[PDB]
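Here the protein sequences come in this chain order: V and F.
So the numbering used here is basically just the index in the first sequence, starting at one, shifted up by 14.
Residue 143 in the numbering used here sits at position 160 of the second sequence; the count goes up by one each step and never skips.
Using N, Cα and C, we set each Cβ at its ideal position, and we do this for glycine too.
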Amino acid sequence: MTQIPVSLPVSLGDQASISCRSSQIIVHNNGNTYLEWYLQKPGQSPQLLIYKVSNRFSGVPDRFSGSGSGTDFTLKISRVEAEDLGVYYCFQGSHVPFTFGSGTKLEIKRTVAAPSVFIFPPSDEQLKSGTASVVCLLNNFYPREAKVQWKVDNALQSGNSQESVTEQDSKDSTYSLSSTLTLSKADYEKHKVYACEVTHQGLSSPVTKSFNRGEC
Amino acid sequence: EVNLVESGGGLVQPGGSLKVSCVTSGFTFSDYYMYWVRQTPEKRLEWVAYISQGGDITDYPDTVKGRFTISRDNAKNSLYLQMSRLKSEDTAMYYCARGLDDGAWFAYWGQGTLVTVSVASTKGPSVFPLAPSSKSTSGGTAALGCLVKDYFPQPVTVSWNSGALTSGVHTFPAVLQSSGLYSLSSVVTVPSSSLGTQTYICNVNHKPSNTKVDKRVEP
């Protein structure tokens, strides 16, 4: 079964449509087809939106509608809202094999927002343990695309950092990212200047947040 | 209110066995067909088993047929899933759900119980503070946090000031490091004028290794 699209970046007030296509004629109007749609919001269990191709589950807003014809079943969202973000999944439960769709990530387009970057140097407790993790935090920005590069004594770091990004914020449709450069107290001690240079669409010029080891 | 609480998930070595349970409430257990669905790490969903209300009919996909066994205790209002011959591929979040007489499969879902099938062992994390500094202060806003480092398996739950501090919190998804252990960060933005007066404490719980640590973050 195919689920299109994979990512659906949409604006508020806009209309959206998600589709699932089987290889078999699954839809049987007048009969009884168990074609369903689920929504899973960030860090939440999946929830039932529509069942039997077009019935809405209690609580689900009338903005949601579903229809289908033979090989295809679709979910239509008229007028997208902020709390509609998440992954959508169709479930085909009439024809064995009962399959779930690969999911569609609904992203809300918004105006560009520059990130505020903060740098956190390693704590003594960690230093005491033998490693030094320096964190760079890009907070509340849009779009998700950003480039964080570590500089140690003006030298570009490679392969020793990791990024993590939150899902989109329902309140303001922004993202947050986190880059952690991990080293051994030894190597950490061997350098002074620790810089974090970020490049995002909202910033005309790349921002560099750095610090001097210990005696700043 | 119809409730579905899962439990029993944990770390199992490949080839091992495990039995997760689902206690229900807010409806007559004996009237409904029950289900177990799972979500793999790639966020993919799969139906893994169903059972007749009388416990007489059962069915599973071919990926799980033969190893997993679904059962129910109509008296205790519980649903079970004995898993066996566990493979790495079985690593997923397992949910229990119940139908809807009108015509829906998964109308009610539980919170999910994570099963990690690995040869690695349970490790408690170390919590380090991400102390507020001039490097973490922009305008009337300072940023601070906690680095929950080196733990296995998932998950960890971070809270701030016992759940009192909720706004501005950004607990990032865990990242698997080269060491095969996870690491995450929880970050909260506060008015720079609160530092030095208000107390900020991240509460970290990691049930698997029985770790519970409250780290006080200071500038």
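Residue nearest to residue i in terms of C-alpha spacing, selected from the options
i	options	result
F/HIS189	F/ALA114, F/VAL170, F/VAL110	F/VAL110
F/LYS2	F/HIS153, F/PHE10, F/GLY9, F/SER(-10)	F/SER(-10)
F/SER0	F/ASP73, F/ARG55, F/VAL31, F/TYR91	F/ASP73
F/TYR134	F/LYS195, F/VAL171, F/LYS118	F/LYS195
V/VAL207	V/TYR189, V/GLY228, V/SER21	V/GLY228
V/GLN176	F/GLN94, F/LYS132, F/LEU148	F/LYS132
F/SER166	F/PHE155, F/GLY93, F/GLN94, F/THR172	F/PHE155
V/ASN174	F/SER61, F/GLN160, F/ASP85	F/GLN160
V/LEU217	V/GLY57, V/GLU181, V/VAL131	V/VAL131
V/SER184	V/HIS109, V/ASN46, V/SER147, V/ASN154	V/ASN154
V/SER198	V/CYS230, V/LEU151, V/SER147	V/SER147
V/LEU191	V/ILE122, V/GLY73, V/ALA160	V/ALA160
F/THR182	F/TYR78, F/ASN193, F/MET76, F/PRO202	F/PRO202
V/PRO56	V/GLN17, V/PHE225, V/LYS119	V/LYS119
F/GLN94	F/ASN193, F/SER192, F/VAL6	F/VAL6
residue 231 of chain V	V/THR85, V/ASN46, V/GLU50, V/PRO60	For chain V, the structure presents residues 15 to 230; residue 231 of chain V sits outside this window and is missing.
F/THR140	F/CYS185, F/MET17, F/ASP42	F/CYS185
V/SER193	V/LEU141, V/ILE133, V/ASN168	V/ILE133
Segment limits, alpha helix (DSSP H) that includes residue i
i	result
V/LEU141	138 to 143
V/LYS199	199 to 203
Whole-angstrom distance between residue j and residue i, CA atom to CA atom
i	j	result
F/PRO(-3)	V/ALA128	46 Å
V/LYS66	F/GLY9	24 Å
F/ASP45	F/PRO24	20 Å
V/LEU99	V/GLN163	30 Å
V/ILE32	F/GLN22	21 Å
F/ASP197	V/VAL166	32 Å
residue 203 of chain F	V/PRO75	There is simply no residue 203 of chain F to check, as chain F begins at -16 and stops at 202 in what is shown.
V/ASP201	V/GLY144	10 Å
F/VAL170	F/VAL(-15)	34 Å
F/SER67	F/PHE51	6 Å
F/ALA90	F/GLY82	5 Å
F/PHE12	F/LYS70	31 Å
V/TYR102	V/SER116	9 Å
V/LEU53	F/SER145	30 Å
V/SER92	V/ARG35	21 Å
V/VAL149	V/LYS90	42 Å
V/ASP186	V/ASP138	36 Å
V/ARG124	F/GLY128	28 Å
F/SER4	F/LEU62	6 Å
V/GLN29	V/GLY80	13 Å
F/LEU28	F/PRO174	41 Å
V/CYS104	F/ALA103	35 Å
F/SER54	V/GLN58	26 Å
F/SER101	F/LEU(-6)	7 Å
V/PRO111	V/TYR48	13 Å
F/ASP85	V/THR188	39 Å
V/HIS109	V/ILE40	7 Å
F/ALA126	F/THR180	15 Å
Near the ligand NAD: residue i beta-carbon under 6 Å from a heavy atom
i	result
F/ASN188	With respect to the ligand NAD, the structure shown offers nothing to examine, as it has no ligands at all.
Neighbour-count burial assignment, residue i, 16 or more Cβ in a 10 Å radius
i	result
F/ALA58	exposed
V/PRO135	buried
V/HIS214	buried
V/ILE64	buried
V/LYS204	exposed
F/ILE34	buried
F/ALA147	exposed
F/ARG199	exposed
V/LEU170	exposed
V/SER25	exposed
V/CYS230	exposed
F/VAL187	buried
F/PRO136	buried
Residue i, enclosing beta strand (DSSP E) - first and last residue
i	result
F/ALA90	87 to 92
V/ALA160	160 to 166
F/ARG21	17 to 22
F/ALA32	28 to 34
F/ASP133	124 to 134
V/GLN106	100 to 106
F/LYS198	194 to 200
F/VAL3	1 to 8
V/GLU50	49 to 54
V/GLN58	Segment: none, V/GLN58 is in no beta strand (DSSP E) and carries neither H nor E.
V/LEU89	86 to 91
V/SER81	78 to 83
### Query
Taking any Cβ of chain F, which residues in the stretch 60 to 75 of chain V have a Cβ under 8 Å from it, in chain order?
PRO60, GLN61, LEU62, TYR65, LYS66, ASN69, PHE71
### Message
Using a Cβ-Cβ cutoff of 8 Å, what residues of the stretch 93 to 113 of chain V are near chain F? List them in chain order.
### Response
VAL101, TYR103, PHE105, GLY107, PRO111, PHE112
### Task
Could you please tell me which residues of the stretch 77 to 88 of chain F, in chain order, have their CB closer than 9 Å to any CB of chain V?
Hits within the stretch, in order: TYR78, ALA80, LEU83, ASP85, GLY86, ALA87, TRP88.
#### Entry: Chain-ordered residues of the stretch 25 to 44 of chain F with a beta carbon less than 8 Å from chain V
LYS26, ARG27, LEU28, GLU29, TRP30, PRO44
### Query
Taking Cβ-Cβ distances below 7 Å as the criterion, which residues of the stretch 112 to 130 of chain F are in contact with chain V?
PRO112, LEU113, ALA114, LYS118, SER119, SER121, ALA126, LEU130
### Message
Closer than 8 Å between beta carbons: that is the criterion. Which residues of the stretch 188 to 220 of chain V meet it against chain F?
### Response
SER190, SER192, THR194, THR196
### Query
Relative to chain F, which residues along the stretch 21 to 42 of chain V have a C-beta separation below 7 Å, given in chain order?
none
### Within 8 Å of chain F by C-beta, residues of the stretch 148 to 161 of chain V in sequence order
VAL149, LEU151, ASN153
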